[PDB]
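S.K.: Build the 3D model from these lines:
(4 chains, ligands or ions: 9)
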Amino acid sequence: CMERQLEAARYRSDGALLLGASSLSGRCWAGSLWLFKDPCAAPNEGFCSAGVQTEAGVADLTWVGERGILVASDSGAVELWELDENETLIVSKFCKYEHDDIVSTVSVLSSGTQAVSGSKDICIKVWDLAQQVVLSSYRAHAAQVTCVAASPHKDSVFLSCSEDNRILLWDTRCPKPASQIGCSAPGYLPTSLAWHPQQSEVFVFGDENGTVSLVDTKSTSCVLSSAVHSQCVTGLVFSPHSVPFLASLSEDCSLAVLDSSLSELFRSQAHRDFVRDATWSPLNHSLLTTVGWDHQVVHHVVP
Amino acid sequence: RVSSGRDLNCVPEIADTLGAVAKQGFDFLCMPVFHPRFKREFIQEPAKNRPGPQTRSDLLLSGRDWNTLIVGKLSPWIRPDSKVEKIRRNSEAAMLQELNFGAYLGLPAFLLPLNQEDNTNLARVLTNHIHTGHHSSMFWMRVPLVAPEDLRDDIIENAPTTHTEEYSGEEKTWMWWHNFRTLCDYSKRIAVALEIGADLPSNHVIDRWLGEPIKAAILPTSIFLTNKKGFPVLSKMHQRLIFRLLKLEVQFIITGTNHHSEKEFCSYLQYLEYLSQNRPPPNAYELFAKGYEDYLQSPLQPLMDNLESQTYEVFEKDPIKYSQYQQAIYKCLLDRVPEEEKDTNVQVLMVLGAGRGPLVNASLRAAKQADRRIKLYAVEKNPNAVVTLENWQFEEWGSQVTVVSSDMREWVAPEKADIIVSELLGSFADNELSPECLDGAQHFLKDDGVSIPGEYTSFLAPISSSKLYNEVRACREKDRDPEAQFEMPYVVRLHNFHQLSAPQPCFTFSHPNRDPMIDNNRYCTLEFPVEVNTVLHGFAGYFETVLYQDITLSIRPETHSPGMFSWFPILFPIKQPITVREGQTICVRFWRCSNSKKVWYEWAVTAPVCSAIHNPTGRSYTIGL
Amino acid sequence: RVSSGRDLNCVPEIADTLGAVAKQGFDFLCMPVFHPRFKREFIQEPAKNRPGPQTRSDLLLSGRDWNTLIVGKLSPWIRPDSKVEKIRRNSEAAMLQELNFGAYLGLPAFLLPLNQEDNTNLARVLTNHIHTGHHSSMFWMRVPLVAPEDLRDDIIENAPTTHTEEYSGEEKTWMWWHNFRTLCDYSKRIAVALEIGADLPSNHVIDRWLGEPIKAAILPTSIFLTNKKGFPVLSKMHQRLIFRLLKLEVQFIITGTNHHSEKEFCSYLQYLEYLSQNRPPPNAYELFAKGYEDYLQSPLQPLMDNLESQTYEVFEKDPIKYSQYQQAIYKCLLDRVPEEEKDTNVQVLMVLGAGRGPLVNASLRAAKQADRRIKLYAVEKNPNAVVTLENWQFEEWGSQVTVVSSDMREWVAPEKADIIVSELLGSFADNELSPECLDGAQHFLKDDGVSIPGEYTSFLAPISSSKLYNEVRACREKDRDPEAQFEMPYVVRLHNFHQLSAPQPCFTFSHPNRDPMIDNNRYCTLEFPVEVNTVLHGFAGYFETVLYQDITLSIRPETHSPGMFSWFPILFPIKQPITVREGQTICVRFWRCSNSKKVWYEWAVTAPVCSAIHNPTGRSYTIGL
Amino acid sequence: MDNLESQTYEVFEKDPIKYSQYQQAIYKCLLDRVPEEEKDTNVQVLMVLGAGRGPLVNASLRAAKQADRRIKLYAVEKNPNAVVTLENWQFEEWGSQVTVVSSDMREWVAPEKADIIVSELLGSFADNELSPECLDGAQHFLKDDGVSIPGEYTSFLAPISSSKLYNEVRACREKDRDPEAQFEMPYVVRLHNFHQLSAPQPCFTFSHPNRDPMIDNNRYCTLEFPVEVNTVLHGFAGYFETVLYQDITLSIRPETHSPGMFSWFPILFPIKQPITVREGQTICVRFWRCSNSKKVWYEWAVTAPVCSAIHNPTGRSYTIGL
Ligand SMILES: C[C@H]1CC[C@H](c2ccc3scnc3c2)N(C(=O)C(=O)Nc2cnc(N)c3cn[nH]c23)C1
Ligand SMILES: C[C@H]1CC[C@H](c2ccc3scnc3c2)N(C(=O)C(=O)Nc2cnc(N)c3cn[nH]c23)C1
Ligand SMILES: C[C@H]1CC[C@H](c2ccc3scnc3c2)N(C(=O)C(=O)Nc2cnc(N)c3cn[nH]c23)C1
Ligand SMILES: CSC[C@H]1O[C@@H](n2cnc3c(N)ncnc32)[C@H](O)[C@@H]1O
Ligand SMILES: CSC[C@H]1O[C@@H](n2cnc3c(N)ncnc32)[C@H](O)[C@@H]1O
Ligand SMILES: CSC[C@H]1O[C@@H](n2cnc3c(N)ncnc32)[C@H](O)[C@@H]1O
Ligand SMILES: [Cl-]
Ligand SMILES: [Cl-]
Ligand SMILES: [Cl-]
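M.R.: Numbers count the residues shown, from 1 in each chain, chains lettered A, B, ... in the order given. Ligands and ions are numbered 1, 2, ... in the order given. Here you go, the structure:
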């Protein structure tokens, strides 16, 4: 049923766990979506609340409210699935092939009715999730769009980072909506983005060399940086805490939990493959669930 | 009939996908051999020990299918020229792994991207893979006609796109290729897959790829416009580019998803077939000439060698040339014999080099078209063709034609000639030693006698063709100079090349050469203005000839005789390609040298940089007297 | 379907004759290009100036017809080796003339007779013609199997035919050929047209032509017997010879007039087709093997190189070999585990060099055929084949098979093996370094463990094949020793060759090699009794192997495993052919040498004459460790 | 890969400055490792890895009795012809103090671990004699705090102009091989009639002992040489520096050349085609140190102002045997 390479793990505000997996080897290169109301039973397929098979692999996932699941597909498609009235099925609401290559990242904007997707076709697309159409198509980058991240509370602002060594702050209210920020010297390629949950104008980004950096948009200066990992930083997820922790994920197969000054507070080597996604529990704010390509779901308790 | 393929970065099941793309009409499929997102570790534990399988099985397709229908694609995360040493070494290992799996599958081609300026380590890994077991598989370097940086939307407020003209910068991607193929030492297994964007660059950026080994052209679905019925079409400039690529017999690769979702996908491909079935049709004889495109042949030497029967057959299968010869003879007969002497004056015509006698029949048709009397001598030193001449004479011609089996420089003529007629001309006019032959035959021409041709002139033009340069380079033979192939001309239907300057006259010969001291040696200096950035690989050679007055033959492209095809152009290569910047002048020197036994050409470039003097003392190429 | 031609010395009209011989069913026509009685003078007047035409025109046939259907014949009056100097020079000129007219026509072959011992000047003229313009046309030397002098009727009262046995004299015509081709330096464009008389010679005279480049066999109509219905047939010995020639895929030439005048002429040809449709049929797989006849390939090195997918596919397309392996594993499992322990004892089987896993499936079939439990390790260093192995393991095998991607000489086994199973054998048994690999794998074999194969032995046999010698000679490459091609073995389906002595064992290896100091180097001296006059060109190499007890594989011809074809024989050539007279002994020396990095073979002949030591220090051929 | 001849070792030994530097390095290391109070109790284990005819052995002895410290010497050498000289020396002069080992240092099972390993396995390009691999194979019998002399070495490259040397390389064409193979191999040569086009820059650096989890001696280096003259590039001169111990160094790099030392000539990496370089342009060179199980080789290419072919790909023209 479920494929080996776990790609995404997201906690719904009621504690349920959304898993997104792909088969990146073998005969069939497909993917699957799963909902576990018992998060400890994951990734066992037989004891899942819901599960469905997608036509292609899942490169990224995110919730759309409490019933929606937004999928970036290898097929170049952005898909919206939704749960049953009893949340026993996962049905395809739409599947739009507007990208010309693998859709690598998706992020739902603050309103919850619009989204932004990035892809290896170098393009970034703003979608209306109700009309199921592309509101905007921007070709601002010059290489594969590595990450897009909607601002937590501004429906017109988001972030993008690509292999063209550009970190772009986007405000769709401007004639030229993109603004290049970040290090004025050619730093290593940005690979992961995360807005700060409380400080509006602040975000962190992890690069291909293992460095996590804390940046202010107004000052556009690398306020701080730390060599957290030995390999590319693939994910950055803040905790729901009032003063939030920062979860950093890397292809060194390790999970790190840092503080406000990017100092190492917790470290886990439990995974034996790439650490793909991390999500903090909305019920136990010291419990952090990570998934990786070793088909392992790890629930860490964080001091 | 276009040969086309489908580019996909998402293959759930290889058999289903292959069947679908075949039903859509594609001849092959460009696909990844490992999952594009399946980034693999080769150094650092624990991910280094990721349990297999690392990709899908080779048993999923027959060996025939792997050999004919599948084009492997390099995984997009493999960056052998990354600034990070870890990523660099890991991408080296992964690129070797994927190339070796492609060779293990027997794939006919493998796609690798050139998406940045520096691909030195990529070239190193690919060159090491090429020299690991002799294979014939191709490597298609995916090179964009316009770099994405120069193609992005002007939507970055604090990083505007330059609106200023950058002539050489707009050609940057070509340099990306040119360096790469230079690092890989012009490997014949490395070709270009030119990717075409929605916005075409200036014409010089496109012409920068003339003469390059373009094996594929990649057409994204996003560049297609939409018509009334909703079918995908292309802009008129894109149609120009498609016609140019079709003249190169390239394979077209369709990439991207279906954005014309109302119609079937094959629509895209169908449009190309449409464009292929409505292209400007070629000449009727240009099909036998199509098979000769960029085919290198040693120049024929009808003086030193006896031509074969089918060579003469090819010479004769050209009605335009012999129509011109007949018209020239007709005009000359009307000019030499007035009407009142038409029954008293018998003109002596001598075909010098009669072959199987097409010029003899041309002379007869001209004589009874001009209503004049002629006496014909058909002189030919090739006794095998003399057999044909004498069978013709016994069966048809009769005593009107006297067949002479002798060299025209030795034959003691029983009488002097009113008109001598010959076609002793090669692709470079005098490269078959027509001057020497007609000089040896001049003494039995009357004091007012006419030679047809009366004049001929060779023409030279610098060309760019890395394809033809590599073809010449591949002509290395054992037991001779490793670079002798560069010091000899080749008769070749030049096809994939770029003419860098207008052809200019080289050597001119007139007949009869009534001059005290006849010297057929020549020294010529030519200055070719070049208004493009390019790479000189050699010089195309053509010729014009005045047979009589305004009756002429020409393979010079600007004045080419319409419908005449018995002469392909000639090619004088050079050992080393010479970079020529826009505005520079290519200065070439050409010698026609000789001794008692042989004639040869020597040539050298002297600007913008000097080349070696090619074929000194005829060490690599001579024309026997 | 026989390819056949008609030999005629009388062609009134070429088109009528060609149409007639085509209607009779012949594929081509051997005919004169000049009239056979049209003796021509080249020196002495007045006949030197005989008016043309000297022969008929080339316009009588299309160039296609000349290229495909016409075989030129030398005029019978041309005697380049005449004792008269006038006739000698005139025949030189005439032979050059006729050969040049044949080349002018583009004829695919030209017939020249060898009807006497001395053809030195004929060879000189032909060799000069061959080195005048590169052509691919063939020259068929018409050589009689029995000279006419030894074939005449004993009807000369004062000159009786010798009734005394002349072993070497009866082979004289072969010498006629052997000298000629030696004078012409083994030109690939010179082949044999063997003419067969009414009385066949002894079997050794016929076998003298084994391994010779026989392109045609000439059958006079006079040698055909007559049956009841009046149809022409052949004697049973002639049928033997026809079958032997059909195995060589020769073209049959019918010469002479119709002496069975009641029937049509095609009758003759039809008989041959009859003989061809009732020949002993070959093996079903011998069609893919027919295309490999005498095709030289470099020996595969599965250790140094990673084999391609289709190479493994060829390895697996052999059910007899894997049936033998399965039977060996079955017997070993029954011998190692008694019935009472069949459910308690799990045998550890390790496939060392699993490829895509045919030995793994063989082990599984043997285990559940022997009703015994096994635990399988599939060890393979080729990661491309490891992909196939691991897809097999995930999809079908399961945890019963553990796939190891490692060199068996490095792999730290988690447990010791009851049985190790491999097919690391080449055409010469150990030429793929199976001894070294199985030595490196010996430490994780149990103290009483079994190796399958348990033993293997190579075999050598001197052979005569001027065809294969010339094929090796043609393998000269630039940038290396001009004779390196002779100092390396070739895997080849030996076809047109003559085995000169019975194969004898060369090198033998046993596994496990429980010995204090293991030394896989070898020195072997072999004495081959030869009972025929012949020419040594190399040594065929085969192998036998004991997999387990009486379960064996063999490509040794005397003990060849029926229906097994995954191994062609090997060929070790020598630089210079060595004449071997009947009764002499061919003494060969063979070394198996090695250092830390490579293993190679050296070989030398020491009797009846010494050769150079071939491949010294592995300068031309090594096998990588 | 080869066993050096007797006169080659004789040339190696005819250099008193080099062995004076080696002796001073060993002397400083012995004084640093053994305090004065332990000078009679502590016997240091010194191992000459690649002893040749034993000049480093005599240097170690002179350093030991110059530092007033006790040493136990192992003279390791795989060349048995030089082992003859070593063992005649040992029987006639050295005695039981020196133990001669006739073995490859990558195979030899040492009876004890070494305080100091001493070698001169360096070529004109530092590591072109595979000193990294040899000293890696010998690292396991070095003590956890053991010292390697040399402790470090670094190669240096400099673009040069020499049509004379270019023509000399071109004349080295041999039959039965690639007509341009002579351009894809380095040459040891006392560079004389040449023009150095830019200051030498470091290429490859190796440290010993290489206490690192995954040792990888392969290298990829990109060098940018500013050229302030009109000239024609024909190749790259190669030199080396080495830190034997602390401030005791050897160098054939011209700017820091060890005065009076001459046992190393510079090396020359040619290129197939000369490259015109105008004043103000930058010569960009790429150098690789590649290897497999059997051989190590160098690949190099110019990428600016114009690209050259990648020279010696896959070691087709030049390899260094392991
Ligand atoms: C049409 C193509 C095929 C025939 C011929 C060619 C070239 C090289 C080789 S090498 C083996 N065969 C060939 C054949 N081609 C020529 O261009 C050519 O040589 N033309 C002529 C040369 N000289 C003349 N006196 C005449 C008169 N009419 N045409 C002439 C190319
Ligand atoms: C059948 C013919 C075609 C495949 C193969 C061959 C030879 C040379 C070249 S060169 C490029 N391709 C090839 C292919 N032939 C062999 O005789 C052969 O090598 N057999 C084997 C060698 N080694 C083994 N371990 C096994 C196991 N089973 N059979 C094996 C001839
Ligand atoms: C001085 C000149 C003559 C000897 C030698 C040389 C070079 C090439 C060939 S080819 C045939 N003979 C030779 C001889 N030259 C070297 O520069 C040299 O190789 N030095 C050294 C290399 N490696 C070492 N481990 C040491 C230690 N001390 N000096 C070393 C040039
Ligand atoms: C029609 S191609 C030129 C012809 O002229 C013939 N030819 C060339 N040179 C001479 C010569 N010197 N004398 C006579 N025929 C010649 C050639 O054999 C060929 O048939
Ligand atoms: C079935 S042909 C022989 C097979 O054994 C494999 N092989 C050869 N030598 C070794 C070795 N030393 N270790 C592992 N596999 C090997 C080859 O890669 C091939 O698949
Ligand atoms: C003094 S020049 C370098 C010396 O070290 C020796 N040498 C090089 N490599 C090794 C090795 N791996 N083991 C032992 N001696 C070596 C050489 O034979 C030479 O005498
Ligand atoms: Cl389901
Ligand atoms: Cl050619
Ligand atoms: Cl071969």
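
S.K.: number of nearby residues for residue 153?
M.R.: Using chain A. Residue A:153 has 12 neighbours, counted by other CB atoms under 10 Å in any protein chain shown. For the C-beta atoms, the positions are set from N, CA and C on the backbone; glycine is no exception.

S.K.: you looked at the wrong chain, it should be chain B
M.R.: Residue B:153 has 15 neighbouring residues, counting by other CB under 10 Å.

S.K.: distance of the nearest residue to it once chain neighbours are set aside from ligand 3?
M.R.: Nearest residue to residue B:153 in three dimensions, chain neighbours excluded: residue A:139, at 4.7 Å (CB to CB, 6 or more residues apart in numbering or on different chains). Separation of residue A:139 from ligand 3 (CB to the nearest ligand atom, to the nearest Å) stands at 58 Å.

S.K.: Could you look up the SS state of residue A:197?
M.R.: coil (DSSP: H, G, I helix; E, B strand; the rest coil).

S.K.: Around chain C, which positions in chain B sit nearby?
M.R.: Residues of chain B lying near chain C by CB under 8 Å from any CB of the partner chain: B:52-59, B:63, B:66, B:97, B:100-101, B:103-106, B:133, B:305-306, B:308-310, B:313, B:356, B:383-388, B:390-392, B:394, B:403, B:405, B:476-478.

S.K.: Can you select the buried ones from those residues in PyMOL?
M.R.: Selecting only the buried entries of those in PyMOL, with 16 or more other CB atoms under 10 Å in any protein chain shown as the criterion:
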select buried, chain B and resi 52+53+54+55+56+57+58+63+66+97+100+101+103+104+105+106+306+308+309+310+313+356+383+384+385+386+387+388+390+391+392+403+405+476
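
S.K.: just checking, which of the residues of chain B next to chain C belong to strands?
M.R.: Residues of the residues of chain B next to chain C located in strands (DSSP state E): B:403, B:405.

S.K.: Give me the subset of the residues of chain B next to chain C lying in helices.
M.R.: Judged by DSSP state H, the subset of those located in helices is B:63, B:66, B:97, B:100-101, B:103-105, B:309-310, B:313, B:383-388, B:390-392.

S.K.: how about the residue nearest to residue B:3 when sequence neighbours are not counted, what does it touch?
M.R.: Spatially, and ignoring its direct neighbours in sequence, residue B:3 is nearest to residue B:251 (4.7 Å; CB to CB, 6+ apart). Applying CB atoms under 8 Å, 6 or more residues apart in numbering or on different chains, we find residue B:251 in contact with B:3, B:4, B:5, B:27, B:28, B:215, B:216, B:217.

S.K.: For the second one, which non-adjacent residue is spatially closest?
M.R.: Okay, so that is residue B:4. Leaving aside its chain neighbours, residue B:4 sits nearest to residue B:252 (4.7 Å; criterion: CB to CB, 6+ apart).

S.K.: So the one you found: helix, strand or coil?
M.R.: Here residue B:252 is recorded as strand under three-state DSSP.

S.K.: How about residue A:236?
M.R.: Under three-state DSSP, residue A:236 falls in the strand class.

S.K.: Skip the chain neighbours and tell me the closest residue to it.
M.R.: residue A:194 (3.7 Å).

S.K.: who in chain B is up against ligand 4?
M.R.: Within reach of ligand 4 by CB under 6 Å from any ligand atom, chain B has these residues: B:302-303, B:307, B:315, B:353, B:355, B:379-382, B:385, B:407-409, B:423-424, B:437.

S.K.: Just the ones of those in helices?
M.R.: If you go by DSSP H, the residues of chain B next to ligand 4 have B:315, B:385, B:437 in helices.

S.K.: dump the residue contacts of the last one.
M.R.: What that stands for is residue B:437. Residue B:437 makes contact with B:303, B:352, B:353, B:408, B:409, B:422, B:424 under the criterion CB under 8 Å, 6+ apart.

S.K.: ok, now how distant is it from residue B:243?
M.R.: Distance of residue B:437 to residue B:243, computed by CB to CB, to the nearest Å: 44 Å.

S.K.: what do you get for residue B:507?
M.R.: Between residue B:507 and residue B:243 the distance is 36 Å, computed by CB to CB.

S.K.: With neighbour numbers in mind, choose between the two.
M.R.: Neighbours were counted for residue B:507 and for residue B:243 using other CB under 10 Å; residue B:507 has more, 24 against 14.

S.K.: ok, the more buried one - contacts?
M.R.: Applying CB under 8 Å, 6+ apart, we find residue B:507 in contact with B:429, B:430, B:457, B:458, B:522, B:524, B:590, B:592.

S.K.: Sort out for me which of these are in strands.
M.R.: Of those, the ones assigned to strands by DSSP E are B:457, B:458, B:522, B:524, B:590, B:592.

S.K.: What sits closest to the third one if chain neighbours are left out?
M.R.: This points to residue B:522. Per CB to CB, 6+ apart, closest to residue B:522 is residue B:592, 3.8 Å.

S.K.: That neighbour contacts residue B:521, correct?
M.R.: Yes: applying CB atoms under 8 Å as the test, residue B:592 and residue B:521 come out as touching, 5.6 Å apart.

S.K.: For those two, work out which one has more neighbours and name it.
M.R.: residue B:592 (23 against 10).

S.K.: roughly how far apart are that one and residue C:131?
M.R.: Plainly put, residue B:592 is 29 Å away from residue C:131 if you go by CB to CB.

S.K.: Buried ones from the contacts of residue B:507, can you make that a ChimeraX selection?
M.R.: Listed next is the ChimeraX selection for buried residues among the contacts of residue B:507, using 16+ other CB under 10 Å:
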select /B:429,430,457,458,522,524,590,592
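
S.K.: Nearest to residue C:448 among the contacts of residue B:507?
M.R.: The nearest member of those to residue C:448, counting by CB to CB, is residue B:590 at 83.7 Å.

S.K.: ok, the closest one touching residue B:460?
M.R.: Yes: in this structure, residue B:590 is within contact of residue B:460 by CB under 8 Å, at 6.7 Å.

S.K.: any shared contact partners between these two?
M.R.: In contact with both residue B:590 and residue B:460: B:506, B:526, using CB under 8 Å, 6+ apart.

S.K.: give me the number of residues near the closest residue to residue A:266 other than its chain neighbours?
M.R.: With CB to CB, 6+ apart as the criterion, residue A:266 has its nearest non-adjacent residue at 3.8 Å, and that residue is residue A:257. By the criterion of other CB under 10 Å, residue A:257 has 22 neighbours.

S.K.: got it, and residue B:284?
M.R.: Neighbour tally, residue B:284, other CB under 10 Å: 8.

S.K.: Which of the helices or strands spans it?
M.R.: Counting by DSSP states H and E, no helix or strand carries residue B:284.

S.K.: How much space separates whatever residue of the stretch 51-200 of chain A ends up closest to chain D from ligand 6?
M.R.: Across the stretch 51-200 of chain A, no residue is closer to chain D than residue A:186, which sits at 14.9 Å (CB to the nearest CB). Distance of residue A:186 to ligand 6, computed by CB to the nearest ligand atom: 42 Å.
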